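Okay, here's what each chain looks like letter by letter:
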Amino acid sequence: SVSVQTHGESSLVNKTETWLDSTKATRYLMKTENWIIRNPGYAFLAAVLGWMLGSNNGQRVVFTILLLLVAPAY
Amino acid sequence: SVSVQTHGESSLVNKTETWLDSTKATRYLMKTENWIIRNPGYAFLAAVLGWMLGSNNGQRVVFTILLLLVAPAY
Amino acid sequence: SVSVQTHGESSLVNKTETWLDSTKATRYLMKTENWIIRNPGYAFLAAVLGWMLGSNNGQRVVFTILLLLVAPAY
Amino acid sequence: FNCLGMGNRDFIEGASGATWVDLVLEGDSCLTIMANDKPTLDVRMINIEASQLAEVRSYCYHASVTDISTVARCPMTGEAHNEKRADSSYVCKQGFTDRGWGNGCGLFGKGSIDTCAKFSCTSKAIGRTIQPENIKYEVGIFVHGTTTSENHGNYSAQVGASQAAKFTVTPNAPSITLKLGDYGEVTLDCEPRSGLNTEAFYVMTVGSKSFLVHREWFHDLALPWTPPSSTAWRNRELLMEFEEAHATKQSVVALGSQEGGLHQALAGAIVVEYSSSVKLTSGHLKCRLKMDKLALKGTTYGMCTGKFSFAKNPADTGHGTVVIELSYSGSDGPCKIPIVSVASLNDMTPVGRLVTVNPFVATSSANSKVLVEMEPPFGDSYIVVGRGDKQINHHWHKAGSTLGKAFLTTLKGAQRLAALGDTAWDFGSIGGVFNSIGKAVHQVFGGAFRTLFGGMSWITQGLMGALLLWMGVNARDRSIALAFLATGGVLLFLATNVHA
Amino acid sequence: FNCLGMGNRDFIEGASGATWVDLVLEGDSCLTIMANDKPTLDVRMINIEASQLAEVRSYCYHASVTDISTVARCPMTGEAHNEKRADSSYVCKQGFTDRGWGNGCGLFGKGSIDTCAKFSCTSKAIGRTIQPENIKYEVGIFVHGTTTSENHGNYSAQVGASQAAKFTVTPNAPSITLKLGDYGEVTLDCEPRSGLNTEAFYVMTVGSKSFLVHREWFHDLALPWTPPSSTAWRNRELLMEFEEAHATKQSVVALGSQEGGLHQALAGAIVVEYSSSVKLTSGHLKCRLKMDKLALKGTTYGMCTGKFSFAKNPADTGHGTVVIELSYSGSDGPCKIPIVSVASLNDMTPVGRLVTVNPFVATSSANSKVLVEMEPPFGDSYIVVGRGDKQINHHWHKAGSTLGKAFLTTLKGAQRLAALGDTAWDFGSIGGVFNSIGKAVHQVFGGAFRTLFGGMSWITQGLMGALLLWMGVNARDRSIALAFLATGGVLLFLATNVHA
Amino acid sequence: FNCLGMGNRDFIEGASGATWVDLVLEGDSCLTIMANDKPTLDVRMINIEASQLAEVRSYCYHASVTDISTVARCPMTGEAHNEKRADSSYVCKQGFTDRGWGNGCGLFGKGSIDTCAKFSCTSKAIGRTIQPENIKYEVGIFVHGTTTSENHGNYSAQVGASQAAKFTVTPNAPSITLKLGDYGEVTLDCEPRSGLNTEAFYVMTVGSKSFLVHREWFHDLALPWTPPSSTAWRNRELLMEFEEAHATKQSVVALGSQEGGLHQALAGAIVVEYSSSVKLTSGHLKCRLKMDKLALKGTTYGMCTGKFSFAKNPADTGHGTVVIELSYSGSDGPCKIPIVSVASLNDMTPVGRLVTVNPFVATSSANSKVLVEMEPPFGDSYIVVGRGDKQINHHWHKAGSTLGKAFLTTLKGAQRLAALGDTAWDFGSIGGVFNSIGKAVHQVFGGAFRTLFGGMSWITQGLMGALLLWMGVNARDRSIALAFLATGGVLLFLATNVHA
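Residues numbered from 1 in each chain as written, not as in the entry; some residues may be left out. Chains lettered and ligands numbered in written order. Heavy atoms only, no water. Residues with missing side-chain atoms left out of burial classes, pairs and counts.

- Structure determination for this entry is recorded as cryo-EM, at 4.3 Å resolution.

Now the structure itself:
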């Protein structure tokens, strides 16, 4: 909407300053952090489930740190 | 913003009709679909990488169908 | 339509003669026969494929005689 | 209104133990009850009259199409827009045609055209609905007294004879008692709510004739439909065709009338008579009947004193009984009319039973005629026309030997079991134990399963059995019967039930 | 204010053993209690009125930007400083642009420019808060006496009838007794502190309409905000844009109004009516109700002496009960109105129960009408109106067979479990053992866990189950159920709870 | 229009072997070519002017809603129909509300209501498109002759000096030769078709400011849109809200203006200037340049006879070169101006090269000033001004030691590789073997792959590398490099390219 599916960014040609760059680089981190800072309990039980399955070590972490991005913005 | 981190939804008490419900249920699907319908090439190479790693079958799919949600809305 | 999805038949209560019964009993056979009498070549290669698979005998025939109804009316 | 001569006629063996017993009657059939000390009663549906109707939705099965117009646009100029979109009286369709310099435009390969046309109904279909409080039942009821050949079928007389009566029942007046005079009065207890589901389906009218159809099926119909009154429709394209767009010029054409397909479509629908109201033919109705005040007049009268005669010759009912007509010379009337049913003239011991108990001479007028029926037993017999020398008698065969009759009854029972559902156990009147549970069993059993995959048509379910059979054919012991019950029965029989 | 016709209506089976029983009521729903020897009671929320409000912080969702000014400096001359930094009425931003001899300066490649502009609000947002001592509850209460079609929904009459009353409750007056007159008086015991957390969230107003919003969420709004009254703001850049610095000339531009996004943003917010005060729709409130002084007037009166009549025809409540209206010819009023609910006319034994016990003729005036409801049982039945030949009766179906009730009961509970949390056990009134612990169990269980990872939205938690499921799918015995409880339930159900 | 002082400035080392060499220029940057026997040339974009525009579709981002009306119906009366459906000027929505006797109707639980309201645009958005034949390019071109501090940046003079010229190029006039006078004439060969895809996207205007936006993305905007001119819209609900239907009374409300979200939405869009036409800032344009008729005037003149002077002091370009200004006392002009770039005063052997070959005294007028640039080499050196005792000299550092140049060269290429795609190989002018294939390689390689999963945003693709890396981290030999090329590069670098 007016919200989601921002054209940002076309980003062709253009050596210059884009409409809002400073916002854009900062956007994706915050709105996720704000939510995760909120309900950390989520991450706790989340992280556990990663260590549960696959037992190959690091690839387990691959689930978790990934999964932590899932809950933000569904 | 005015866009992201919608209070939607408080959703306490309230047996009644919420401000906009009809929108809300429909929102999350479309703005993702619109984007994925757009660049299907993404999903192709995406799906392959899932089958690449972990070789436990279905848990490989767990990555993919998950991963397909990642690219929408970063 | 006016053609397909005939209400025929409600058929509740009614000890009496229905709107058109004589047609109805005769309908389903003919319009299939007419078509199968037409292109028998269909049935030939059709019947073979049944004997091809499953090799349990009669259950193979189950496919065929069934399958012969499929092609009529798609 | 009598049970005479109706193609489908059944009797009821009074079990005593009550003046009340439960009944279910049908449009065509007529029911006849014989129970000791009680006369013989006739009840049959007349019709089902519903009064006031409401109109759910509509359909236009044949429509007109006029006022073709289209507006082209050059390529890259986007969608065209015809003003006529401003009115629901048109259907607009966009379109596009490839474009040369030779025609009108400065780039090649595409375009836009907007076709619109007016839309109007040739002739339309009307659905209607029924509100249960508008239901009626016309039921005539009859008892066998003195009758002639003429008066018998006729309702005028028996009113005076007070041996028959008509009445209406509604959920507003769910039960009534009504006087036959001399024999006393009787009591009907019915359940108008249960006759139909007035909300199971709709009244539909197409042109003249009209039809009962399922409510769910009506919504699906693929065709222009309308809000209840009202104005203008949905999906109103499907009667129209767009040709190949040709430059500026495209034509749109209406299909031929679909009216036939409707008639084609309707099969299970049941003909009805619709002007202001509707009259069903086949009703399905449960009732209870209370006989206490019913008694026997005439027990006073003695034997009749004079010769008898046969106006009409003995003849068969086809239901297994026999009627005759008698005229009587003497003037001693009213007098009790001696007759019986016997094996050989060497015996006076009756065997069969009178259809009408105690034939009753109406009047003292000579050469009156009397209409009387009995049920002789199997094989050969005689009809003794009163004792005394003057006794005359006739010799009337019947071939019906008990096993054949029993077998026929079983087939009839199966049909009754089918299409009458749970309620079919009501023939088992004054139930409990066997009968009460038999309706309880069939209740969830038939109310599910057979009706759950229901919606099958002839071979659809008809085929299934054979396919099911092979499962029963090849299976494991104690798995067989479980599967077999699915295979045979419940399916093939109704498949045979429909012959035709 | 009555329970008539409200879309959501439930009953309560009086367990006796007390004149008191515990209740929880809701904005939409209306509650109805039947307990022996006691009339039938109606209680429902009216609204929630809060009085005085306080203003935490503010927001300007749409702002104006004017008075662009900028001051360049040569390279190596450090940061520029515009005087306008001396006032909070501006936003200053530094900047720099590469520099030639051709423009103004004696070295190449860099510079300094200081851009400032005035900042002002197009139109702004106001948050507000609620102090619990400002809460109210308007609760009407009602008992079923003599009513007509008209007066029934109307509050004017029943005041005179004294069969209904409205009142306010506060933490200042947490419980009240109030007189219905003849039936006695009853006692409500509630807990205004528990209705909401007045501090759980804020009242927010955007333009006209206003909204309840988690004060939690409400802080992290990204937009100009203000100290409570006051003057001038923080983070007031985010409505402005700086272009590419061009020599001396750079422009700054305001974004378009954000007002939409707010409306977009708000979803779970609940519409409210804000001028001086607020009126909620859906309340959540616990109460206890004490019935001792409630009694039954009318036990004096005898059977009514005259014909009955149906003003309105029987009709369904949709909640599983049936109301009708009666008018009465005779003048004997006040008199006790005979009626029951029966199986067949062969029996006078009632089966169902009266919604309103002892219908009561109001007055001696002829042709008054009386409004009465009952609950027939499943299947078919009759409504006996009066005794003796006068007795008229109507035949009213119901299809509701017990099992489907048992289910629609359960899920309805299940729904009423969800979103009503621990308190949902209050339907289990006069608890202990089972019910008391069931609230104790859910207490820490729901007060954690489900609410700890709470903040999920639809698929967010909705997806989780399937992902969880695969864990339950592939796991070890006795580990399965532990994981499975996480997988299914608590999650998928509320995911189904929202359909829609 | 000159290359002086532009933030981004690059040079080109003439390989001889042709009077022609291929170039690509950009909006911001300015290009400078030094090749033997040939003067030094300056070319830079001015702007991109497009002339005539066309309007694809429209949007109304903020709308008005008035004329609420609704028509109820009793339950079972089907859908309601409001007449206003007869006009596209309204949006109609059906609806239904539960119904009591208390309000208006003879059955309970349901109903029908038809809500309609008029719909109108507060203010709307306009898209537009560009037809390639409407493109232009303003390109100024410049050669270094006699200049002062003033005239240099100024276009008025150099016209008279004939050392600079402006011109337009179109697909209609794809190449032009143009005379500088004394130095001869030169030839530009460009490809206007290739500058942009005029059909890659649209011109969009929102309120005042306007934007370039992928026509692709531009369709899926969710909002009321319109046929190109025209009248009335599609999907025009999404600015409206329907409240809870309340009896007859329901309200519908417009959302706040969405204008902000648009501005929010647009990021990658590029500001443009739209009134009648548009002026881009950043162009992307390929050209070839033919130098044959270019020659060197002044070879006649001899050494200048008099003292020199420094009007402005030496200063750095920031691109690695150094300009100074000289004024000259003597009257001998025009005369050839001796200068060089030297290591130590013990040597007269030049080392660096003149930016402008053969500084040229314009006139005989005393105390004229002359603007001249050179490129000294690394470390320390001197600037020899004149010969003989008159000779004065200045000592100008540079820290730039070669290696750091080699790097800042590379990455700059790497950046200039990215976002310049295949065409980036055009810096490799007069190609073949290496360069020609390097564009051929990148052609299908970049024209697929990187652009096939393209549409990634920052972390989206930015994250991928690390995830990819772990694959390269744990893999098999000879599978590693195949996977690793995917992991590193092509991805992380552009992820670093954006810093910011």
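Thoughts on the overall build of chain A
Part 1: Helix and strand counts for chain A stand at three helices and zero strands.
Part 2: In summary, chain A has a C-alpha radius of gyration of 17 Å against a globular reference of 11 Å for 74 residues, an excess of more than 25%.
Part 3: C-alpha extents for chain A along the principal axes are approximately 50 × 25 × 20 Å. (Helix = DSSP H or I, 4+ residues; strand = E, 2+ residues; numbered from the N terminus. Rg over C-alpha atoms; globule rule 2.2 N^0.38 Å.)

Concerning the sheet that holds strand 11 (residues 175–179) of chain D
Residues and elements named next belong to chain D.
Part 1: Overall, antiparallel pairing links the four strands, which are arranged 2-20-12-11 in an open sheet. Every other strand in the sheet has two partners, leaving strand 2 (20–26) and strand 11 as the edge strands with one partner each. Put simply, the sheet's adjacent strands are angled 25 degrees from each other on average, direction ignored. (Pairing = 2+ DSSP bridges. Axes fitted to C-alpha atoms, helices over the stretch in contact; angles between N-to-C directions.)

Some words on the arrangement of the chains
Part 1: One finds no contact linking chain A with chain C; the least C-alpha distance across the pair is 39 Å.
Part 2: Between chain B and chain D there is no contact, and the shortest C-alpha to C-alpha separation is 21 Å. (Contact = heavy atoms within 4.5 Å.)

Concerning the relation of the copies chain F and chain D
Copy one and copy two of the chain differ by a rotation about an axis and a translation along that axis.
Part 1: Expressed as a screw operation, the relation of chain F to chain D combines 0.0 Å of axial shift with a rotation of 180 degrees, fitting to an RMSD of 0.2 Å. In the structure described here, the two chain copies are related by an operation that fits a two-fold rotation axis. Residue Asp87(F) of chain F places its C-alpha closer to the rotation axis than any other residue of that unit, at 3.0 Å.
Part 2: Both copies present the same face, since 100% of the interface residues in chain F are matched by interface residues at the equivalent positions in chain D. (Least-squares fit on C-alpha atoms.)

Re the pairing of strand 8 (residues 112–130) of chain D
All names here are of chain D.
Part 1: With two bridges connecting them, strand 5 (residues 53–54) and strand 8 associate as antiparallel partners. Bridged to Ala54 within strand 8 is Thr129.
Part 2: Bridging between strand 6 (residues 58–73) and strand 8 involves twelve bridges; their strand directions are antiparallel. The residue of strand 8 that forms the bridge with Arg73 is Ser112.
Part 3: Bridge count between strand 7 (residues 90–95) and strand 8: six bridges; the pairing is antiparallel. Following the sheet pairing, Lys93 is matched in strand 8 by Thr115.
Part 4: Where strand 8 lies against strand 13 (residues 201–205), three bridges are found, and the strand directions are antiparallel. Following the sheet pairing, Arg128 is matched in strand 13 by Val203.

Quick look at the pattern of salt bridges
Part 1: Scanning all chains against the criterion turns up 38 salt bridges over all chains.
Part 2: A salt bridge links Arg128(E) to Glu55(E), with the shortest nitrogen-to-oxygen separation between them at 2.7 Å. Taken together, the residues span a long stretch of sequence, with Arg128(E) in strand 8 (residues 112–130) and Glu55(E) in the loop between strand 5 (53–54) and strand 6 (58–73) at a distance of 73 residues.
Part 3: Across the salt bridge formed by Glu373(F) and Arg9(F), the nearest N and O atoms sit 3.7 Å from each other. (Salt bridge = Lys/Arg side-chain N within 4 Å of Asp/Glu carboxyl O.)

Some thoughts on the domain arrangement of chain D
Part 1: Along its sequence, chain D is carved into domain 1 (9–52 + 133–196 + 279–290), domain 2 (61–125 + 233–257), domain 3 (308–394) and domain 4 (407–497).
Part 2: If you average the C-alpha positions of domain 2 of chain D and of domain 4 of chain D, the two centres end up 56 Å apart. (Domains from an automatic or database assignment.)

Quick notes on the state of the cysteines
Part 1: Applying the stated criterion to the full structure yields 15 disulfides over all chains.
Part 2: For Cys304(E), the disulfide goes to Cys335(E), at an S-S distance of 2.0 Å. Here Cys304(E) and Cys335(E) share a disulfide; its torsion about the S-S bond, 110 degrees, makes the bridge right-handed. Taken as a pair, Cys304(E) in the loop between strand 20 (284–290) and strand 21 (308–310) and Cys335(E) in the loop between strand 23 (322–328) and strand 24 (339–342) lie far apart in primary sequence, 31 residues in all. You'll find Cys304(E) and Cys335(E) in the same group, each marked buried.
Part 3: Between the sulfur atoms of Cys190(F) and its disulfide partner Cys287(F) the distance amounts to 2.0 Å. On the sign convention where negative means left-handed, the S-S torsion of about 105 degrees between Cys190(F) and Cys287(F) marks this disulfide as right-handed. Taken together, the residues span a long stretch of sequence, with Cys190(F) in strand 12 (residues 185–190) and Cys287(F) in strand 20 (residues 284–290) at a distance of 97 residues. As far as the burial class goes, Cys190(F) and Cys287(F) line up, both buried.
Part 4: With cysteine numbering restricted to those in disulfides and following the sequence, chain D has the pairing 1-2, 3-6, 4-5, 7-8, 9-10. (Disulfide = S-S within 2.5 Å. Buried < 20%, exposed > 50% of the residue type's maximum accessible area, 1.4 Å probe, protein only.)

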